[PDB]
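Visitor:
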Amino acid sequence: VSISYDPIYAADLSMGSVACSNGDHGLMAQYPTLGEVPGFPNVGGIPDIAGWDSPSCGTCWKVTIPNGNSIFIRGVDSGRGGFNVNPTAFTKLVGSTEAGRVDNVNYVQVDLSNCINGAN
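The numbering of the sequence shown is the entry's author numbering, which starts it at 1 and goes up by one.
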């Protein structure tokens, strides 16, 4: 799998613009703004989201790279083929944004508490 980062998932990004908008999996209800469900700097799109109401929305995952570092990303948007997260999370996981996209990234699902504990 290949991972990248997008500048749109910033703190003032409205949740109505992502696939998880209201419906049953909508996160806008309790958290109408991005910066609490994932935490703030641990949010990104993921390939397991279908659309307006993905069944895997709100799922914690750990991303690991060959350098030896990992962060927790909570599902929020869908991806064509790879995991995309905020540029701040990308720089922290790799060290800089010069890499752009890194393939062969290992990912594993963990308890939700770990995502909130890591982000905070």
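Even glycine gets a Cβ: it sits at the ideal position worked out from N, Cα and C.
(1) Grab the span of the alpha helix (DSSP H) containing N86 for me, first residue to last.
(2) Can you tell which of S17, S54, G23, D12 has its C-alpha closest to the C-alpha of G35?
(3) Considering only the alpha carbon of each residue, which of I73, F40, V1 lies closest to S14?
(4) Helix, strand or coil for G16 per DSSP?
(5) In this structure, does DSSP put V94 in helix, strand or coil?
(6) To the nearest whole angstrom, what separates the beta carbons of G79 and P38, a pair I think is in contact under 8 Å?
(7) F83 to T97, Cα distance in whole Å?
(8) Leaving out five residues on either side along the sequence, give the residues of the same chain with a beta carbon under 6 Å from the beta carbon of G51.
Guide: Checking against the coordinates, here is how it stands:
(1) Counting from 1 along the sequence shown, the entry for residue 86 is found at position 86. For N86, there is no enclosing alpha helix (DSSP H), since its DSSP letter is neither H nor E.
(2) Your numbering for residue 35 matches position 35 in the sequence shown. The option with the nearest alpha carbon to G35 is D12.
(3) Along the sequence shown, read from residue 1 onward, the residue named residue 14 stands at position 14. Residue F40 is the option with its Cα nearest to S14.
(4) To locate residue 16, count along the sequence shown from 1; it is residue 16. Secondary structure at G16: helix, using DSSP grouped into helix, strand and coil.
(5) Within the sequence shown, residue 94 is the residue found at index 94, counting from 1. It is helical.
(6) On the sequence shown, position 79 is the one that residue 79 refers to. On the sequence shown, position 38 is the one that residue 38 refers to. Contact flag wrong, Cβ pair sits at about 15 Å.
(7) In the sequence shown, counting from the first residue as 1, residue 83 sits at position 83. In the sequence shown, counting from the first residue as 1, residue 97 sits at position 97. Their Cα atoms are separated by approximately 15 Å.
(8) Stepping through the sequence shown from its first residue, residue 51 is reached at position 51. Excluding sequence positions up to five before and after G51, its CB lies within less than 6 Å of the CB of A19, all in the same chain and listed in chain order.
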